[PDB]
Amino acid sequence: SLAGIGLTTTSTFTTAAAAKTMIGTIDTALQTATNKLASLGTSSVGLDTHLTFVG
Amino acid sequence: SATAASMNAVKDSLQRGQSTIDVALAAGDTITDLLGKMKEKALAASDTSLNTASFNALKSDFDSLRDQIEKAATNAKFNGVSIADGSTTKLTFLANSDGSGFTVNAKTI
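A short tour of the structure in this document, coming up. Every chain's residues are listed with numbers counted from 1 in the order the sequence is written; these need not match the entry, and residues without coordinates are not shown. A letter from A marks each chain and a number from 1 marks each ligand, given out in the order of writing. Each value listed describes the chains present in this view, a part of a larger assembly. Each side-chain value is derived from all of the structure's non-hydrogen atoms; neither hydrogens nor water enter the calculation.

## Considering the overall build of chain B
- Along its length, chain B carries two helices and two strands.
- Here the C-alpha atoms of chain B give a radius of gyration of 21 Å, more than 25% beyond the 13 Å that 2.2 N^0.38 yields for 109 residues.
- Along the first, second and third principal axes, the C-alpha atoms of chain B reach 75 × 20 × 20 Å.
- A 1.4 Å probe rolled over the protein chains alone gives each residue an accessible area, and that area as a share of the maximum for its type sets the label: buried under 20%, exposed over 50%, partly exposed in between. Considering chain B as a whole, with its 109 residues, one finds that 24% of them fall into the buried category.
- Residue contacts are defined here by distance: any two heavy atoms, one from each residue, within 4.5 Å place the two residues in contact. Sequence separation of 24 or more characterises 55% of the internal contacts of chain B that already satisfy a separation of 6 or more.
- In this tally, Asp and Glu contribute negative charge and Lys and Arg positive charge; neither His nor the terminal groups of the chain are included. Charge placement uses NZ in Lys and CZ in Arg. For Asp and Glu, CG and CD serve respectively. Computed over 11 positive and 12 negative side-chain charges, the inter-centroid distance for chain B is 3 Å. Elements are defined by DSSP. Helices are runs of H or I of four residues or more, strands are runs of E of two residues or more, and each kind is numbered from the N terminus. For the radius of gyration, the atoms used are the C-alpha atoms, and the globule rule reads 2.2 Å times the number of residues raised to 0.38.

This is how it looks when you write it as structure tokens:
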């Protein structure tokens with residue numbers, strides 16, 4: 001969620017200079033979001049493997 | 001005829017030994033597949049032209065797969081006794097109506 005990735009809701013850029021830092025903020029947000037989703041995918045594969053073994 | 005009754009007693013122990021080894025073999029097949037996948041991950045990460053943000057993903061994949069191997073290994077027990085976790089050094093089953101045994105060493109995986 002917006003708090004989770006550090007975006008901070010109701011956070012915009014009022015001038016043409018805050019956008020120069022918003023670029024980097026969105027880059028970091030995208031990086032950490034993709035990392036979290038990769039971890040979730042790994043966990044799902046683990047659940048599948050263990051289910052097979054339990055069978 | 002007492003001895004024939006004793007043979008009837010021996011056959012069940014032989015069958016139980018078979019069962020335990022099947023459970024171990026299933027877990028072992030899963031473990032070998034996981035080890036192949038881990039080798040693939042490590043080989044992919046050994047590249048020096050790689051970005052800083054892909055190395056972390058490959059490392060986390062590696063760590064997940066290692067934890068998976070550990071779980072798959074410790075769960076392979078039949079009737080509380082197992083020959084793949086490493087709990088005991090060998091299992092001895094009945095093989096003769098006088099007590100002589102069939103020995104199966106332990107192959108920890």
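We are not done yet, so read on.
## Considering the pairing of strand β2 (residues 101–105) of chain B
All names here are of chain B.
- Note on pairing: DSSP must find at least two bridges between two strands before they are called paired. As paired elements, strand β1 (residues 90–94) and β2 share five bridges and run antiparallel to each other. Its bridge partner being in β2, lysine 90 is matched across the sheet by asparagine 105.
- Counting the residues that bridge the hairpin from β1 to β2 gives six residues, and of these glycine 99 lies at a positive phi of roughly 110 degrees.

## With respect to the interface of chain A and chain B
- The interface is formed by five residues belonging to chain A together with nine residues belonging to chain B.
- When chain A packs against chain B, close to 710 Å² is buried across both sides, 64% of that on carbon and sulfur atoms.
- Put simply, buried area is how much 1.4 Å-probe accessible surface two parts lose in total, over both of them, once they are put together. It is A:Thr42, A:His50 and A:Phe53 that lose the most area in chain A upon contact with chain B, and together they represent 64% of the buried surface on that side.
- The rule for a salt bridge is simple: a side-chain nitrogen of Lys or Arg has to be within 4 Å of a carboxyl oxygen of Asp or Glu. At the junction of chain A with chain B, the criterion picks out zero salt bridges.
- Think of a polar contact as two N or O atoms within 3.5 Å of one another; within protein, one of them needs to be a possible hydrogen donor and the other a possible acceptor, and neighboring residues in sequence only count if both atoms come from side chains. At the boundary of chain A with chain B, the tally comes to zero residue pairs in polar contact.
- Residue polarity follows a fixed list, in which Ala, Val, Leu, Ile, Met, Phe, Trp, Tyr, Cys and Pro are nonpolar, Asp, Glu, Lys and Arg are charged, and the others, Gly among them, are polar. Split into classes, the residues belonging to the side of chain A that touches chain B amount to one nonpolar, four polar and no charged.

Everything listed is a geometric property; what it means functionally is a separate question.
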